[PDB]
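Here is the structure we will look at.
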2 protein chains.
Amino acid sequence: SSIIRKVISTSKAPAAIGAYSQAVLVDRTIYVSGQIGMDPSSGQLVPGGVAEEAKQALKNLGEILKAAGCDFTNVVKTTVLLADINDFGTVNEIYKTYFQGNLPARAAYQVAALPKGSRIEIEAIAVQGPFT
Amino acid sequence: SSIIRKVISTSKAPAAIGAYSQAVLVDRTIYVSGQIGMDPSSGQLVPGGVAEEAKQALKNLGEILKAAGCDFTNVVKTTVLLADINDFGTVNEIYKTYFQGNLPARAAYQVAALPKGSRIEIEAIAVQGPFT
């Protein structure tokens, strides 16, 4: 009856730049904030556009999961928000190398704009787990 | 021969997690627990990364000193623990806005992780009473 609720926080990923936690762990589900390709040390976007931003965002997601005792195998659902729908193939290809087994559910669509003029934001939900 | 020993406790700096005291005054020396950039009111790490955190950790240290009848001039030694040694330049400048005149001794290095996913933790030793 009292379930674990924890603010996940790790200096391996970018500081929060607004009123949000990097992720929240509640019972065994982790809700992860929308990850953009900010460099962890400096907080600004990595340069280079969508491919580099996607890689940094996924690395940032990894480190946040690591701080919640998980890794990319724990992800059950992601949302890929794109500044340009035509980047979807490139991003899928990047995305494949992080997620390589039981793939999360996924939604993906182009938005009108992302924070900081980013080209990609990735949301995720993960579940902690001895899974059967 | 029976010396002063006092637990320092203030509402305006992060309350002490179960065990440990915010600071312990013994004779005239104050051992201050490590401070991070946590808002006393919300209990969260302030947003914005190392510079905001360094400021908030120095403010928390200020309030604990104030409850011991001291201020920043009383600090004789600090240890600056960083999540990234490349932040040293930033924090050194911020730190100069608190510490004027008889500047404390210092030791500074990068550690593998800090409480609450913190990017900077400051440990201080102060001494009370009039000098000279």
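The way I read the labels, and the way they are meant: chains A, B, ... in the order of the structure tokens, residue 1 as the first residue of every chain, and ligand 1 as the first ligand shown, with later ones counted on from there.
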Same-sequence overlay, chain B on chain A, C-alpha least squares, as a short mmCIF file (atom, residue, chain, number, x, y, z; two decimals) with C-alpha atoms, in the first residue's frame:
```
data_model
loop_
_atom_site.label_atom_id
_atom_site.label_comp_id
_atom_site.auth_asym_id
_atom_site.auth_seq_id
_atom_site.Cartn_x
_atom_site.Cartn_y
_atom_site.Cartn_z
CA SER B 1 -0.26 -0.32 -0.30
CA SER B 2 2.22 2.62 0.03
CA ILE B 3 4.05 2.47 -3.30
CA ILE B 4 7.48 3.55 -4.31
CA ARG B 5 7.65 7.02 -5.72
CA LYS B 6 11.02 8.48 -6.68
CA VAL B 7 12.42 11.45 -8.56
CA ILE B 8 15.22 10.29 -10.88
CA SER B 9 18.12 12.71 -11.04
CA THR B 10 21.45 12.29 -12.77
CA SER B 11 24.30 14.62 -13.58
CA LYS B 12 24.97 12.88 -16.89
CA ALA B 13 21.78 13.97 -18.62
CA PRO B 14 20.59 17.55 -19.00
CA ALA B 15 19.52 18.93 -15.62
CA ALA B 16 15.82 19.69 -15.40
CA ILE B 17 14.80 23.25 -16.13
CA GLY B 18 13.38 24.56 -12.85
CA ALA B 19 10.21 22.49 -12.54
CA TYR B 20 9.89 18.89 -13.86
CA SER B 21 12.07 15.93 -12.93
CA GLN B 22 14.29 14.06 -15.48
CA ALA B 23 12.12 11.04 -14.69
CA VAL B 24 9.68 9.92 -12.04
CA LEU B 25 9.64 6.29 -10.86
CA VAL B 26 6.24 5.22 -9.53
CA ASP B 27 5.71 1.67 -8.43
CA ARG B 28 7.78 0.11 -11.20
CA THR B 29 6.95 2.48 -14.09
CA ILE B 30 9.30 5.30 -15.04
CA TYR B 31 7.88 8.30 -16.88
CA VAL B 32 10.90 9.94 -18.56
CA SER B 33 10.76 13.61 -19.51
CA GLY B 34 11.20 14.36 -23.20
CA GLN B 35 14.86 14.19 -24.22
CA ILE B 36 16.50 16.32 -26.88
CA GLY B 37 20.03 16.27 -28.33
CA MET B 38 21.42 18.63 -25.69
CA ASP B 39 24.89 17.93 -24.28
CA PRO B 40 24.55 17.69 -20.47
CA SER B 41 27.91 19.42 -20.03
CA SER B 42 27.54 22.49 -22.29
CA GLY B 43 23.78 22.74 -22.21
CA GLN B 44 23.75 23.31 -25.98
CA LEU B 45 22.15 21.35 -28.81
CA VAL B 46 24.88 19.20 -30.44
CA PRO B 47 25.85 20.24 -33.99
CA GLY B 48 25.25 18.21 -37.12
CA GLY B 49 21.49 18.10 -37.30
CA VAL B 50 18.96 15.33 -36.73
CA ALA B 51 21.22 12.26 -36.70
CA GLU B 52 23.64 13.67 -34.14
CA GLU B 53 20.68 15.01 -32.12
CA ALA B 54 18.83 11.67 -32.20
CA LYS B 55 22.00 9.93 -30.94
CA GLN B 56 22.53 12.45 -28.17
CA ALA B 57 18.87 12.34 -27.14
CA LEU B 58 19.07 8.51 -26.94
CA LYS B 59 22.26 8.77 -24.88
CA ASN B 60 20.59 11.20 -22.46
CA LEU B 61 17.61 8.80 -22.15
CA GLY B 62 20.19 6.00 -21.47
CA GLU B 63 21.74 7.87 -18.54
CA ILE B 64 18.40 8.66 -16.95
CA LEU B 65 17.37 5.00 -17.25
CA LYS B 66 20.75 4.00 -15.78
CA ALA B 67 20.07 6.22 -12.74
CA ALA B 68 16.79 4.31 -12.26
CA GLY B 69 18.63 1.00 -12.35
CA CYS B 70 17.45 0.29 -15.90
CA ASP B 71 18.78 0.36 -19.45
CA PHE B 72 17.24 0.48 -22.91
CA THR B 73 15.66 -3.03 -22.63
CA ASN B 74 13.31 -1.62 -19.96
CA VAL B 75 11.71 0.87 -22.37
CA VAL B 76 8.19 -0.21 -23.23
CA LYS B 77 7.04 2.85 -25.14
CA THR B 78 8.51 5.82 -26.95
CA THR B 79 7.12 8.79 -28.77
CA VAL B 80 9.33 10.21 -31.49
CA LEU B 81 8.62 13.89 -32.11
CA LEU B 82 10.26 15.28 -35.25
CA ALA B 83 10.66 18.75 -36.70
CA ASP B 84 10.41 17.08 -40.13
CA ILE B 85 8.54 13.83 -40.90
CA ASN B 86 11.08 13.17 -43.69
CA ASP B 87 13.73 12.51 -41.00
CA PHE B 88 11.78 9.43 -39.81
CA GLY B 89 13.92 7.01 -41.87
CA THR B 90 17.18 8.35 -40.43
CA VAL B 91 16.02 8.35 -36.84
CA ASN B 92 14.43 4.88 -37.27
CA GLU B 93 17.84 3.41 -38.18
CA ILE B 94 19.70 5.20 -35.39
CA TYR B 95 16.99 4.09 -32.96
CA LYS B 96 17.60 0.45 -33.92
CA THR B 97 21.20 0.70 -32.61
CA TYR B 98 19.79 1.28 -29.09
CA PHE B 99 16.71 -0.88 -29.13
CA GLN B 100 17.26 -4.58 -29.71
CA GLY B 101 15.01 -7.55 -28.91
CA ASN B 102 11.76 -6.70 -27.10
CA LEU B 103 11.26 -3.48 -29.05
CA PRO B 104 9.09 -0.80 -27.53
CA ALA B 105 5.71 0.33 -28.73
CA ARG B 106 6.03 3.61 -30.68
CA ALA B 107 4.23 6.67 -31.93
CA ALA B 108 5.94 9.14 -34.21
CA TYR B 109 4.85 12.38 -35.85
CA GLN B 110 6.01 15.83 -36.87
CA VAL B 111 5.32 18.71 -34.52
CA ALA B 112 5.41 22.43 -35.26
CA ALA B 113 8.42 23.23 -33.08
CA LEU B 114 10.38 21.58 -30.21
CA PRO B 115 12.27 23.07 -27.23
CA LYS B 116 15.61 24.74 -28.01
CA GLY B 117 15.05 24.70 -31.78
CA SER B 118 15.46 20.92 -31.60
CA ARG B 119 14.89 18.61 -34.57
CA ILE B 120 14.02 15.50 -32.50
CA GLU B 121 12.56 14.94 -29.02
CA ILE B 122 12.07 11.44 -27.55
CA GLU B 123 9.59 10.58 -24.81
CA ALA B 124 9.92 7.24 -23.08
CA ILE B 125 8.10 5.06 -20.58
CA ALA B 126 10.09 2.26 -19.02
CA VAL B 127 9.28 -0.51 -16.56
CA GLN B 128 11.74 -1.93 -14.03
CA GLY B 129 12.43 -5.11 -12.26
CA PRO B 130 12.71 -8.58 -13.56
CA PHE B 131 10.23 -9.70 -16.17
CA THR B 132 8.43 -13.01 -16.62
#
```
Strand (DSSP E or B) positions in stretch 5-127 of chain B, given as a ChimeraX atom specification
/B:5-8,23-26,29-35,38,45,75-82,105-110,120-127
In stretch 10-117 of chain A, DSSP alpha helix (DSSP H) residues written as number ranges by chain
A: 50-67, 88-96
